[PDB]
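Chains as they are written, first to last, in UniProt numbering: chain S, 104 to 157; chain L, 104 to 155; chain C, 13 to 459; chain P, 10 to 459; chain H, 238 to 356.
Ideal Cβ placement from N, Cα and C applies to all residues, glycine included.
A short write-up of the structure that comes next.
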Amino acid sequence: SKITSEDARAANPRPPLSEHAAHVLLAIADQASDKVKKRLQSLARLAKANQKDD
Amino acid sequence: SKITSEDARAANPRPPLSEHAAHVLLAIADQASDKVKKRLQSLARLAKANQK
Amino acid sequence: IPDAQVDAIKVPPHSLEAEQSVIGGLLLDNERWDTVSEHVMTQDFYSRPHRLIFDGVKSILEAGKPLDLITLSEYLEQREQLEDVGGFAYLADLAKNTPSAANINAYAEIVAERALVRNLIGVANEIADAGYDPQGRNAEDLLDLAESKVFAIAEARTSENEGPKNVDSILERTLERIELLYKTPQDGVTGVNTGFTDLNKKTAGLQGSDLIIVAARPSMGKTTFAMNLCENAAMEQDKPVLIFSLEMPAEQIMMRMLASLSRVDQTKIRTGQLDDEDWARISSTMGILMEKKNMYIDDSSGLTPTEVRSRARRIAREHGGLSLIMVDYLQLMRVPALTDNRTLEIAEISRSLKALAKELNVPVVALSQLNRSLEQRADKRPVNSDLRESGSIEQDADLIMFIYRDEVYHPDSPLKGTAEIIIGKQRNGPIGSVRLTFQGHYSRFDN
Amino acid sequence: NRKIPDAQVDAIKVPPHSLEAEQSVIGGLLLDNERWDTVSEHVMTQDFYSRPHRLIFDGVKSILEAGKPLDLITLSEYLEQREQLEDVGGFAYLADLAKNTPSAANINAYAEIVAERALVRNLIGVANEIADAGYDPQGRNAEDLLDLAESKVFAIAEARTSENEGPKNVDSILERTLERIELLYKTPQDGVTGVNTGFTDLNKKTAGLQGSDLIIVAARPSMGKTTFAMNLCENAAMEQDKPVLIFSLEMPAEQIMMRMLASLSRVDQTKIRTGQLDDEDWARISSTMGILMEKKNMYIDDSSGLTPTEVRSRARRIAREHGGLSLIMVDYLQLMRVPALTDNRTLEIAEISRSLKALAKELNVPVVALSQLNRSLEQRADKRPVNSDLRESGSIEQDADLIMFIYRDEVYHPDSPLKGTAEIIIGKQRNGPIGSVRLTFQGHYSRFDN
Amino acid sequence: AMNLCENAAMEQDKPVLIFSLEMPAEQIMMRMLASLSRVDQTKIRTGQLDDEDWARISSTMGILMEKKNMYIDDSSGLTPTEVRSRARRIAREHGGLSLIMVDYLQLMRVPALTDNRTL
Ligand SMILES: Nc1ncnc2c1ncn2[C@@H]1O[C@H](COP(=O)(O)OP(=O)(O)O)[C@@H](O)[C@H]1O
Ligand SMILES: Nc1ncnc2c1ncn2[C@@H]1O[C@H](COP(=O)(O)OP(=O)(O)O)[C@@H](O)[C@H]1O
Ligand SMILES: [Mg+2]
Ligand SMILES: [Mg+2]
């Protein structure tokens, strides 16, 4: 009831990472310095394929 | 003035300790370290009741 | 040869006298071992003979055996260490050279302090040696080594005498406090009785270690209220009441007290027009006050917090404590070191009085004036902000009480003869208001 | 026995140094003036062992800071004007310094060696000072000598704390940004990334109490400021393995514990004070105590007038025992003292605020500091507290990462329909939104509920 | 002020220097990402980024990295001398600066004038 009475915008968190994001992260990693490249590849590795709707 | 001084419920404080409290103090003393155990046993000893 | 030897101090810090007093003291009492063993270890002694003797003392007392000159000598003789310590004569000398008891704990602290400095010097030399000869260690490794060795010295002296910080210590003190409250009659009052039932219901009395600020506009009965608290403490407690009357003389405080306790018109006392009944009441009241002798009045002007503390300690020593300390007007005190800033001066006085309350475990009542800005508003009751403008005293006060009289502002008020005591701040109880009967003719507040 | 001390005096009286590295730094700057910005970050004039090199380096510093080209002639003329050229070995020695180091790009390595040697030199000097103080205490007790030793050693460590921080290029910031995101994604982020506040509505806005954050909780007297901060401490103590450290400058440890007992056990605070506890009250208090003792994750320091240095020292001591801290609470910022800034209260409070923020970053722990609202607010009494109400008491807003205000309408208006409700106003937030959270204030239990 | 910095960074070859005395460098970058990519700032904070949001952020990052014309100094309580020193250091590397942004003037300090805030 407190949530419904003081609702500052619907807080619906949807965080599954897309394969598209992993692809762009790897594309940036090609232009990044070795230190940034490792972090971008690590983030792209963390990106799981949660594709749906079809 | 008596009405104004004792209006919100009769304030008769009766704080003598119960045998129940002494029992719980001793139950805690069994799990307490030696320093705390002595203080809990001392407090339980101070608890007076002697019913039946 | 002597010039270089005089300049070079190869002897580390030590106190053979304190070491002898610890050993001699234990030979005199035995029961003090539990306290001494908390402060000193065998290795804390500088002298080799004293370490062997103390080791003997430790072994005998831990075994529950009585420690005496003969028992200790026999113990050392069995280990062929008696000759190494100086013989039976030296043991007898140790017992003879310290005829004083109750100072053994102070000597134990000195021995421990010296051992600490001795260990610190040893560590400093080790660090210096590591600095001169790093043996393959880089600067960062040497810094970590220095930090580790110094931290080890500090850790040994962390939590030596009960160490208040860890939960085990707080639990012990909590139970001790509960035990003390349960032993004393707790019919709604755990501290010094205020004499007002409604006020005691909210405050549970005037607690020990509390700094209480009583603030009011002029003629609201601020001095009157504080004095009734003093009168009640003087009549109900065996310990003395100490009053620092910075504004009024002792004779005037006594005359007002006589008017209050005897319920005789204050004007009649001043004018001398006392009837037979008035004289009988005043005389009876005086007889009781003289029988009690539990009140001190200091009317010295411009007292410093140090002077207030000094006089309070003097009186407390005579009676084993104080029932209540009343300081007439906080603003009248002075701090020679803070003459350049009145706000800081008042803040320091407030901090010092709170420290005094904790030091002597006594409630300290300090009277304060409300800021003049309140009269410009004159629409509501006094609040904490009215006192903040006069030295930020709110931060240090454990209890803040305001005195408000509607009849002063509104003579046609239906609350004629009623004074409202507002609890503006309370650490160990609720905030609110208490209505008291103000009897100006008698300089008295009634429930 | 006569040949033993001469070799020992020569080997012990010479402190660690590198004349070769010193010469290379000076020679290198004479070859490439542009390297001064990097070298000046690592070495100071006092870092040089040799007196001639200090004078020469001082000359180099003065010329380059003035934007003048540094060459052998310019430096020689500079030293000649001050009659210091003969003291350094003449023009020939300056020429020798430029000749003996024909290699560039290694000047930074030589600067680090000079700085390292200076560090060991200062350490030996401090060790001797401490040894001298130990032998001759001059009226100082053991505690004072320990504090002196800790202060001098801490000063050596502090000088080498943030030495190479100048260059801050985007590539480095991107790497640290991605590392931070990666760490957040690895940890369970069900709405809380930091220390749990225990209030869902508050966590939704703040994502918990973040590490390195300086949090200012400000309220008028009796608004429940201490109560609110303690509930944050209680929640951190019950949900984290790391300890909670409380610096209670105003209240004793016994009083804080009694209020905590009233809160966690939901027993009337007055009943605890008066001792009128029923069988049920005792059972709840006892159960709460059992849990607190099992956790042992809370420290209470009730020392008065603590300095930021003392606060930092005690915090580090406890953090070392547990590999970190869950939360640091400082009861009243204004009660702390800075002996060096006694002449100005505003500057004193500003320094305390800066020091606490530095402490939060140093230990990677949220630091909650309680503050009082300015008296001017009561004169207005028409709206909610704002950041300007705190600026009048030491400009603490600039250093705070999160500012929370406590407002109770029932205190100002007893007939308010919001009786028992306290509003928590987010006045400032670096990593989240500003706004307000309504909490249930239970004065009898000294507790805030969601 | 940051939009002015973003425009200077995208249109000039010389670097932009930012002295963020109040906010950390990570926060300034996140806000910049929200701005240049036109992605909801709350979404960036919460991590609820859709495929389109990731593509825009990634493209923006690629450009920022290609340009490398921005420096962020998040040191607190900087003196005017320190600000000048760091600015000169960076300017020497590129033959000048495009823009210098100092986040909050009031957050800077002058040890010689502690007795008077106005001065
Ligand atoms: N003779 C008297 N008859 C009636 N009321 C009196 C008499 N003398 C003093 N009072 C009252 O006693 C009070 C004295 O106030 P007091 O405590 O001395 O001042 P303050 O609040 O500044 O400390 C006032 O309310 C005054 O009206
Ligand atoms: N026995 C009690 N019953 C009800 N409320 C109480 C009791 N004791 C204290 N309180 C309330 O608890 C709060 C204590 O406020 P506190 O945090 O100590 O002050 P501050 O805001 O100055 O730090 C107040 O709102 C007070 O009314
Ligand atoms: Mg008076
Ligand atoms: Mg508090």
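Classify residue i as helix, strand or coil using the three-state DSSP reduction.
i, result
"residue 402 (chain P)", "coil"
"residue 311 (chain P)", "coil"
"residue 178 (chain P)", "strand"
"residue 430 (chain C)", "strand"
"residue 338 (chain C)", "strand"
"residue 107 (chain S)", "helix"
"residue 58 (chain P)", "coil"
"residue 286 (chain C)", "coil"
"residue 297 (chain P)", "helix"
"residue 183 (chain P)", "helix"
"residue 5 (chain P)", "The requested residue 5 (chain P) is not part of the displayed model; chain P covers only 10 to 459."
"residue 416 (chain P)", "strand"
"residue 457 (chain P)", "strand"
"residue 451 (chain P)", "strand"
"residue 443 (chain C)", "coil"
Which value, in whole angstroms, describes the spacing of the CA atoms of residue i and residue j?
i, j, result
"residue 259 (chain C)", "residue 268 (chain C)", "14 Å"
"residue 174 (chain C)", "residue 183 (chain C)", "11 Å"
"residue 353 (chain C)", "residue 341 (chain P)", "22 Å"
"residue 458 (chain P)", "residue 433 (chain P)", "12 Å"
"residue 257 (chain P)", "residue 155 (chain S)", "55 Å"
"residue 210 (chain P)", "residue 446 (chain P)", "6 Å"
"residue 367 (chain C)", "residue 20 (chain C)", "44 Å"
"residue 450 (chain P)", "residue 294 (chain P)", "20 Å"
"residue 128 (chain L)", "residue 278 (chain P)", "21 Å"
"residue 472 (chain P)", "residue 38 (chain P)", "The structure shown does not extend to residue 472 (chain P), since chain P is modelled only from 10 through 459, so no value can be given for it."
"residue 122 (chain P)", "residue 47 (chain P)", "14 Å"
"residue 444 (chain C)", "residue 436 (chain C)", "7 Å"
"residue 359 (chain P)", "residue 243 (chain P)", "28 Å"
"residue 374 (chain P)", "residue 286 (chain H)", "29 Å"
"residue 313 (chain C)", "residue 345 (chain C)", "8 Å"
"residue 115 (chain C)", "residue 44 (chain C)", "11 Å"
"residue 301 (chain C)", "residue 454 (chain C)", "17 Å"
"residue 307 (chain P)", "residue 113 (chain C)", "39 Å"
"residue 423 (chain C)", "residue 236 (chain C)", "20 Å"
Measure the beta-carbon distance from residue i to residue j and round it to whole angstroms, keeping in mind my assumption that it falls under 8 Å.
i, j, result
"residue 207 (chain C)", "residue 110 (chain C)", "So it is not a contact: roughly 50 Å between Cβ atoms."
"residue 339 (chain P)", "residue 320 (chain P)", "7 Å"
"residue 154 (chain C)", "residue 132 (chain P)", "7 Å"
"residue 192 (chain P)", "residue 107 (chain P)", "No, residue 192 (chain P) and residue 107 (chain P) are not in contact; Cβ-Cβ is about 49 Å, not under 8 Å."
"residue 102 (chain C)", "residue 33 (chain C)", "At roughly 15 Å, the Cβ-Cβ gap does not stay under 8 Å, so residue 102 (chain C) and residue 33 (chain C) are not in contact."
"residue 246 (chain P)", "residue 379 (chain P)", "With 8 Å as the limit, residue 246 (chain P) and residue 379 (chain P) do not qualify as a contact, their Cβ atoms being about 18 Å apart."
"residue 252 (chain P)", "residue 334 (chain P)", "6 Å"
"residue 25 (chain C)", "residue 130 (chain C)", "6 Å"
"residue 240 (chain C)", "residue 456 (chain C)", "6 Å"
"residue 369 (chain C)", "residue 309 (chain C)", "Going by Cβ atoms, the distance from residue 369 (chain C) to residue 309 (chain C) rounds to 20 Å, so no, they are not a contact pair."
"residue 217 (chain C)", "residue 203 (chain C)", "3 Å"
"residue 178 (chain C)", "residue 248 (chain C)", "With 8 Å as the limit, residue 178 (chain C) and residue 248 (chain C) do not qualify as a contact, their Cβ atoms being about 38 Å apart."
* To do: Only counting runs of 3 or more residues, tell me where the beta strand (DSSP E) segments fall wholly within the stretch 92 to 125 of chain C, in order along the chain.
  => Fully enclosed beta strand (DSSP E) runs of no fewer than 3 residues are not present anywhere in the stretch 92 to 125 of chain C.
* **Given 8 Å, three or more beta-carbon pairs between the stretch 40 to 54 of chain C and the stretch 141 to 155 of chain C** => When C-beta atoms of the stretch 40 to 54 of chain C are compared with those of the stretch 141 to 155 of chain C, fewer than three pairs fall below 8 Å, so the two segments do not count as touching.
* Asked: What are the uninterrupted segments assigned as alpha helix (DSSP H) that are 4 or more residues long and contained completely in the stretch 216 to 254 of chain C, given in chain order?
  -> Complete alpha helix (DSSP H) runs here, min 4: 234 to 248.
* Can you list the alpha helix (DSSP H) stretches of 4 or more residues lying completely in the stretch 338 to 384 of chain P, in chain order? -> 354 to 372
* Is it true that the stretch 224 to 244 of chain C meets the stretch 381 to 393 of chain C, where meeting means three or more beta-carbon pairs spaced less than 8 Å apart? -> yes
* Is there contact here, the stretch 79 to 93 of chain C with the stretch 141 to 155 of chain L, by at least three beta-carbon pairs under 8 Å? -> no
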